[PDB]
>>> print(open('data_9.cif').read())   # mmCIF, N, CA and C atoms
data_coords
loop_
_atom_site.group_PDB
_atom_site.id
_atom_site.type_symbol
_atom_site.label_atom_id
_atom_site.label_comp_id
_atom_site.auth_asym_id
_atom_site.auth_seq_id
_atom_site.Cartn_x
_atom_site.Cartn_y
_atom_site.Cartn_z
ATOM 1 N N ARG A 1 363.234 191.506 200.027
ATOM 2 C CA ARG A 1 362.295 192.662 200.076
ATOM 3 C C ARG A 1 361.212 192.491 199.020
ATOM 4 N N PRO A 2 360.118 193.245 199.127
ATOM 5 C CA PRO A 2 358.977 193.037 198.226
ATOM 6 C C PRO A 2 359.287 193.328 196.764
ATOM 7 N N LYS A 3 358.572 192.621 195.898
ATOM 8 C CA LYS A 3 358.837 192.596 194.469
ATOM 9 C C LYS A 3 357.710 193.270 193.715
ATOM 10 N N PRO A 4 358.009 193.867 192.567
ATOM 11 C CA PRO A 4 356.945 194.380 191.708
ATOM 12 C C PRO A 4 356.193 193.217 191.063
ATOM 13 N N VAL A 5 354.974 193.465 190.616
ATOM 14 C CA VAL A 5 354.206 192.431 189.952
ATOM 15 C C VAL A 5 354.663 192.352 188.495
ATOM 16 N N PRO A 6 354.921 191.157 187.974
ATOM 17 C CA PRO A 6 355.234 191.028 186.549
ATOM 18 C C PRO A 6 354.081 191.577 185.712
ATOM 19 N N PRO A 7 354.373 192.234 184.593
ATOM 20 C CA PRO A 7 353.311 192.795 183.755
ATOM 21 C C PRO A 7 352.594 191.716 182.936
ATOM 22 N N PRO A 8 351.451 192.053 182.340
ATOM 23 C CA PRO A 8 350.727 191.101 181.506
ATOM 24 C C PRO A 8 351.621 190.482 180.432
ATOM 25 N N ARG A 9 351.407 189.200 180.172
ATOM 26 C CA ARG A 9 352.252 188.436 179.262
ATOM 27 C C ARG A 9 351.720 188.427 177.826
ATOM 28 N N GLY A 10 350.476 188.860 177.637
ATOM 29 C CA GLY A 10 349.815 188.772 176.343
ATOM 30 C C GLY A 10 350.108 189.950 175.443
ATOM 31 N N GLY B 1 382.653 194.033 172.291
ATOM 32 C CA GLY B 1 382.075 194.062 173.660
ATOM 33 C C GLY B 1 381.229 192.843 173.915
ATOM 34 N N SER B 2 380.484 192.886 175.010
ATOM 35 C CA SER B 2 379.643 191.773 175.422
ATOM 36 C C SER B 2 378.555 191.556 174.373
ATOM 37 N N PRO B 3 378.052 190.330 174.233
ATOM 38 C CA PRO B 3 377.008 190.051 173.234
ATOM 39 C C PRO B 3 375.707 190.830 173.439
ATOM 40 N N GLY B 4 375.511 191.395 174.619
ATOM 41 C CA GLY B 4 374.398 192.287 174.852
ATOM 42 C C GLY B 4 374.598 193.126 176.091
ATOM 43 N N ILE B 5 373.534 193.821 176.457
ATOM 44 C CA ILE B 5 373.488 194.658 177.641
ATOM 45 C C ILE B 5 373.424 193.764 178.882
ATOM 46 N N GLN B 6 374.451 193.788 179.723
ATOM 47 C CA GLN B 6 374.423 193.021 180.966
ATOM 48 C C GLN B 6 373.778 193.830 182.089
ATOM 49 N N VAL B 7 372.751 193.273 182.723
ATOM 50 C CA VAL B 7 372.046 193.949 183.814
ATOM 51 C C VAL B 7 371.865 193.006 184.995
ATOM 52 N N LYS B 8 371.801 193.559 186.196
ATOM 53 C CA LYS B 8 371.649 192.745 187.399
ATOM 54 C C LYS B 8 370.176 192.537 187.726
ATOM 55 N N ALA B 9 369.821 191.317 188.107
ATOM 56 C CA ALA B 9 368.490 191.027 188.632
ATOM 57 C C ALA B 9 368.371 191.599 190.036
ATOM 58 N N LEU B 10 367.275 192.299 190.290
ATOM 59 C CA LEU B 10 367.003 192.912 191.588
ATOM 60 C C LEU B 10 366.230 192.005 192.537
ATOM 61 N N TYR B 11 365.527 191.015 191.994
ATOM 62 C CA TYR B 11 364.708 190.099 192.790
ATOM 63 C C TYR B 11 364.744 188.719 192.164
ATOM 64 N N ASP B 12 364.426 187.707 192.961
ATOM 65 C CA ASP B 12 364.215 186.362 192.436
ATOM 66 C C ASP B 12 362.951 186.331 191.576
ATOM 67 N N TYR B 13 362.999 185.579 190.480
ATOM 68 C CA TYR B 13 361.822 185.340 189.646
ATOM 69 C C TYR B 13 361.791 183.878 189.205
ATOM 70 N N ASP B 14 360.642 183.229 189.401
ATOM 71 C CA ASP B 14 360.413 181.863 188.937
ATOM 72 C C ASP B 14 359.577 181.885 187.666
ATOM 73 N N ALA B 15 360.135 181.368 186.578
ATOM 74 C CA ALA B 15 359.440 181.312 185.294
ATOM 75 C C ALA B 15 358.072 180.651 185.417
ATOM 76 N N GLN B 16 357.077 181.269 184.793
ATOM 77 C CA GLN B 16 355.714 180.750 184.764
ATOM 78 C C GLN B 16 355.353 180.146 183.403
ATOM 79 N N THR B 17 356.264 180.254 182.437
ATOM 80 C CA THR B 17 356.201 179.493 181.184
ATOM 81 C C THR B 17 357.589 178.976 180.820
ATOM 82 N N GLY B 18 357.643 178.064 179.859
ATOM 83 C CA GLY B 18 358.902 177.515 179.389
ATOM 84 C C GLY B 18 359.789 178.502 178.646
ATOM 85 N N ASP B 19 359.198 179.594 178.160
ATOM 86 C CA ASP B 19 359.937 180.609 177.414
ATOM 87 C C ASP B 19 360.348 181.797 178.266
ATOM 88 N N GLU B 20 360.044 181.762 179.563
ATOM 89 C CA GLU B 20 360.574 182.734 180.516
ATOM 90 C C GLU B 20 361.827 182.195 181.194
ATOM 91 N N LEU B 21 362.648 183.113 181.693
ATOM 92 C CA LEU B 21 363.826 182.768 182.476
ATOM 93 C C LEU B 21 363.515 182.749 183.963
ATOM 94 N N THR B 22 364.087 181.778 184.663
ATOM 95 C CA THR B 22 364.135 181.763 186.112
ATOM 96 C C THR B 22 365.488 182.326 186.535
ATOM 97 N N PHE B 23 365.485 183.183 187.548
ATOM 98 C CA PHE B 23 366.722 183.773 188.030
ATOM 99 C C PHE B 23 366.614 184.191 189.485
ATOM 100 N N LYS B 24 367.754 184.558 190.052
ATOM 101 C CA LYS B 24 367.833 184.992 191.438
ATOM 102 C C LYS B 24 368.375 186.402 191.499
ATOM 103 N N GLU B 25 368.014 187.121 192.554
ATOM 104 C CA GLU B 25 368.653 188.388 192.851
ATOM 105 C C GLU B 25 370.166 188.222 192.722
ATOM 106 N N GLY B 26 370.788 189.139 191.983
ATOM 107 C CA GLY B 26 372.220 189.116 191.765
ATOM 108 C C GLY B 26 372.686 188.425 190.502
ATOM 109 N N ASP B 27 371.810 187.688 189.827
ATOM 110 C CA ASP B 27 372.160 187.127 188.525
ATOM 111 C C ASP B 27 372.436 188.240 187.522
ATOM 112 N N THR B 28 373.350 187.978 186.594
ATOM 113 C CA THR B 28 373.602 188.868 185.474
ATOM 114 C C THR B 28 372.836 188.366 184.258
ATOM 115 N N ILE B 29 371.854 189.143 183.826
ATOM 116 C CA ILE B 29 371.060 188.818 182.650
ATOM 117 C C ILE B 29 371.637 189.554 181.446
ATOM 118 N N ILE B 30 371.816 188.846 180.338
ATOM 119 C CA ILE B 30 372.196 189.480 179.079
ATOM 120 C C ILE B 30 370.918 189.880 178.360
ATOM 121 N N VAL B 31 370.725 191.176 178.163
ATOM 122 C CA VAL B 31 369.559 191.688 177.456
ATOM 123 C C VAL B 31 369.860 191.803 175.968
ATOM 124 N N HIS B 32 369.034 191.146 175.167
ATOM 125 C CA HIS B 32 369.152 191.198 173.716
ATOM 126 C C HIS B 32 368.259 192.270 173.086
ATOM 127 N N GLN B 33 367.026 192.390 173.570
ATOM 128 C CA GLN B 33 366.125 193.443 173.112
ATOM 129 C C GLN B 33 365.269 193.950 174.254
ATOM 130 N N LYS B 34 365.042 195.261 174.257
ATOM 131 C CA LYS B 34 364.140 195.915 175.200
ATOM 132 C C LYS B 34 362.756 196.032 174.566
ATOM 133 N N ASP B 35 362.123 194.887 174.352
ATOM 134 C CA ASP B 35 360.853 194.854 173.640
ATOM 135 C C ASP B 35 359.814 195.681 174.377
ATOM 136 N N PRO B 36 358.926 196.336 173.637
ATOM 137 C CA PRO B 36 357.799 197.009 174.275
ATOM 138 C C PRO B 36 356.868 195.978 174.893
ATOM 139 N N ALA B 37 356.201 196.362 175.979
ATOM 140 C CA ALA B 37 355.149 195.562 176.614
ATOM 141 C C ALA B 37 355.557 194.927 177.943
ATOM 142 N N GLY B 38 356.728 195.279 178.469
ATOM 143 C CA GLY B 38 357.092 194.907 179.826
ATOM 144 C C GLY B 38 357.984 193.694 179.980
ATOM 145 N N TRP B 39 358.146 192.922 178.907
ATOM 146 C CA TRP B 39 358.987 191.721 178.905
ATOM 147 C C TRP B 39 360.085 191.899 177.862
ATOM 148 N N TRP B 40 361.324 191.671 178.278
ATOM 149 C CA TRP B 40 362.479 191.825 177.413
ATOM 150 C C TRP B 40 363.035 190.467 177.000
ATOM 151 N N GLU B 41 363.647 190.417 175.824
ATOM 152 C CA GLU B 41 364.330 189.223 175.359
ATOM 153 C C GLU B 41 365.691 189.186 176.010
ATOM 154 N N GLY B 42 365.916 188.195 176.864
ATOM 155 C CA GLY B 42 367.163 188.077 177.596
ATOM 156 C C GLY B 42 367.771 186.696 177.490
ATOM 157 N N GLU B 43 368.863 186.519 178.203
ATOM 158 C CA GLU B 43 369.598 185.268 178.178
ATOM 159 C C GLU B 43 370.286 185.112 179.514
ATOM 160 N N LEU B 44 370.210 183.908 180.057
ATOM 161 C CA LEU B 44 370.898 183.560 181.289
ATOM 162 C C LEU B 44 371.281 182.096 181.265
ATOM 163 N N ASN B 45 372.544 181.818 181.578
ATOM 164 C CA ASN B 45 373.026 180.446 181.718
ATOM 165 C C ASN B 45 372.633 179.558 180.551
ATOM 166 N N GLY B 46 372.781 180.101 179.347
ATOM 167 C CA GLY B 46 372.625 179.330 178.127
ATOM 168 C C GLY B 46 371.205 179.208 177.614
ATOM 169 N N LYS B 47 370.250 179.816 178.318
ATOM 170 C CA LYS B 47 368.863 179.828 177.885
ATOM 171 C C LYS B 47 368.436 181.229 177.491
ATOM 172 N N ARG B 48 367.814 181.317 176.324
ATOM 173 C CA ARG B 48 367.171 182.520 175.850
ATOM 174 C C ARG B 48 365.718 182.506 176.299
ATOM 175 N N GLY B 49 365.242 183.636 176.803
ATOM 176 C CA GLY B 49 363.870 183.711 177.270
ATOM 177 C C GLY B 49 363.465 185.101 177.696
ATOM 178 N N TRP B 50 362.191 185.236 178.027
ATOM 179 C CA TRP B 50 361.627 186.498 178.475
ATOM 180 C C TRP B 50 361.997 186.792 179.925
ATOM 181 N N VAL B 51 362.267 188.065 180.182
ATOM 182 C CA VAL B 51 362.566 188.578 181.511
ATOM 183 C C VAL B 51 361.601 189.733 181.789
ATOM 184 N N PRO B 52 360.968 189.767 182.963
ATOM 185 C CA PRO B 52 360.109 190.909 183.291
ATOM 186 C C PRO B 52 361.020 192.109 183.548
ATOM 187 N N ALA B 53 360.874 193.161 182.750
ATOM 188 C CA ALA B 53 361.841 194.262 182.756
ATOM 189 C C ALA B 53 361.890 194.991 184.094
ATOM 190 N N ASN B 54 360.805 194.932 184.860
ATOM 191 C CA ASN B 54 360.783 195.536 186.193
ATOM 192 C C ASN B 54 361.579 194.779 187.261
ATOM 193 N N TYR B 55 362.113 193.613 186.896
ATOM 194 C CA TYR B 55 362.947 192.825 187.804
ATOM 195 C C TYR B 55 364.445 193.053 187.616
ATOM 196 N N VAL B 56 364.849 193.801 186.594
ATOM 197 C CA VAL B 56 366.274 194.072 186.358
ATOM 198 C C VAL B 56 366.574 195.539 186.631
ATOM 199 N N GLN B 57 367.835 195.833 186.924
ATOM 200 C CA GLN B 57 368.227 197.162 187.374
ATOM 201 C C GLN B 57 368.155 198.175 186.242
ATOM 202 N N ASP B 58 367.423 199.257 186.489
ATOM 203 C CA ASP B 58 367.193 200.335 185.528
ATOM 204 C C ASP B 58 366.398 199.864 184.303
ATOM 205 N N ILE B 59 366.188 200.772 183.349
ATOM 206 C CA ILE B 59 365.570 200.449 182.056
ATOM 207 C C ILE B 59 366.280 201.156 180.905
#
>>> encode(input="data_9.cif", output="structure tokens")
Amino acid sequence: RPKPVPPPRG
Amino acid sequence: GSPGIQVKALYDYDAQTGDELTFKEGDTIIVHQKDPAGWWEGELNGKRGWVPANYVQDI
């Protein structure tokens, strides 16, 4: 099923 | 007790850096710190690395 977008890494 | 908070991965994730963890839905991630900013310090299969907190069950 669809996944959330990973948040900014910085 | 366990060395940290054990949480289940909800989705597959492929690491995009060497310091991130790769895992699959159903993996048990050991959470060491719930760092602010969306990425937590975790551990899986002998590697310490960042886990996107939105990929593990609850917060």
>>> residues_around(input="data_9.cif", residues="region 4-8 of chain A", least_positions_apart="5", cutoff="10 Å", atoms="only C-alpha atoms", output="PDB file with N, CA and C atoms, in the coordinates of the input")
ATOM      1  N   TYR B  11     365.527 191.015 191.994  1.00  0.00           N
ATOM      2  CA  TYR B  11     364.708 190.099 192.790  1.00  0.00           C
ATOM      3  C   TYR B  11     364.744 188.719 192.164  1.00  0.00           C
ATOM      4  N   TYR B  13     362.999 185.579 190.480  1.00  0.00           N
ATOM      5  CA  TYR B  13     361.822 185.340 189.646  1.00  0.00           C
ATOM      6  C   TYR B  13     361.791 183.878 189.205  1.00  0.00           C
ATOM      7  N   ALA B  37     356.201 196.362 175.979  1.00  0.00           N
ATOM      8  CA  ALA B  37     355.149 195.562 176.614  1.00  0.00           C
ATOM      9  C   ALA B  37     355.557 194.927 177.943  1.00  0.00           C
ATOM     10  N   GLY B  38     356.728 195.279 178.469  1.00  0.00           N
ATOM     11  CA  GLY B  38     357.092 194.907 179.826  1.00  0.00           C
ATOM     12  C   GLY B  38     357.984 193.694 179.980  1.00  0.00           C
ATOM     13  N   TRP B  39     358.146 192.922 178.907  1.00  0.00           N
ATOM     14  CA  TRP B  39     358.987 191.721 178.905  1.00  0.00           C
ATOM     15  C   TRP B  39     360.085 191.899 177.862  1.00  0.00           C
ATOM     16  N   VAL B  51     362.267 188.065 180.182  1.00  0.00           N
ATOM     17  CA  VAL B  51     362.566 188.578 181.511  1.00  0.00           C
ATOM     18  C   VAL B  51     361.601 189.733 181.789  1.00  0.00           C
ATOM     19  N   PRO B  52     360.968 189.767 182.963  1.00  0.00           N
ATOM     20  CA  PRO B  52     360.109 190.909 183.291  1.00  0.00           C
ATOM     21  C   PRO B  52     361.020 192.109 183.548  1.00  0.00           C
ATOM     22  N   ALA B  53     360.874 193.161 182.750  1.00  0.00           N
ATOM     23  CA  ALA B  53     361.841 194.262 182.756  1.00  0.00           C
ATOM     24  C   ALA B  53     361.890 194.991 184.094  1.00  0.00           C
ATOM     25  N   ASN B  54     360.805 194.932 184.860  1.00  0.00           N
ATOM     26  CA  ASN B  54     360.783 195.536 186.193  1.00  0.00           C
ATOM     27  C   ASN B  54     361.579 194.779 187.261  1.00  0.00           C
ATOM     28  N   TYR B  55     362.113 193.613 186.896  1.00  0.00           N
ATOM     29  CA  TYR B  55     362.947 192.825 187.804  1.00  0.00           C
ATOM     30  C   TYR B  55     364.445 193.053 187.616  1.00  0.00           C
TER      31      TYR B  55
END
>>> atom_distance(input="data_9.cif", atom1="atom N of residue 2 (chain B)", atom2="CA of residue 57 (chain B)")
17.9 Å
>>> select_by_dssp(input="data_9.cif", residues="region 13-59 of chain B", states="strand (DSSP E or B)", output="list in words")
residues 13, 20, 23, 28, 29, 30, 31, 32, 33, 39, 40, 41, 42, 43, 44, 47, 48, 49, 50, 51, 52 and 56 of chain B
>>> closest_residue(input="data_9.cif", among="B:10, B:32, B:50, B:59", to="residue 3 (chain A)", atoms="all atoms listed in the file")
B:10
>>> closest_residue(input="data_9.cif", among="B:7, B:56, B:33, B:1", to="chain A", atoms="only C-alpha atoms")
B:56
>>> atom_distance(input="data_9.cif", atom1="atom C of residue 58 (chain B)", atom2="atom C of residue 25 (chain B)")
14.9 Å
>>> axis_aligned_box(input="data_9.cif", around="region 4-10 of chain A", padding_each_side="6 Å", output="AutoDock Vina command-line options")
--center_x 353.9 --center_y 191.4 --center_z 184.0 --size_x 20.2 --size_y 18.0 --size_z 29.1
>>> atom_distance(input="data_9.cif", atom1="atom C of residue 4 (chain B)", atom2="atom N of residue 10 (chain A)")
24.5 Å
>>> residues_near_point(input="data_9.cif", point="(366.8, 178.4, 178.8)", cutoff="8 Å", atoms="only N, CA and C atoms", output="list in words")
residues 18, 19, 20, 21, 22, 43, 44, 45, 46, 47, 48 and 49 of chain B
>>> resolve_selection(input="data_9.cif", expression="the PyMOL selection byres ((chain B and resi 29) around 6.5)", output="PyMOL selection string")
chain B and resi 5-9+27-28+30-31+42-44
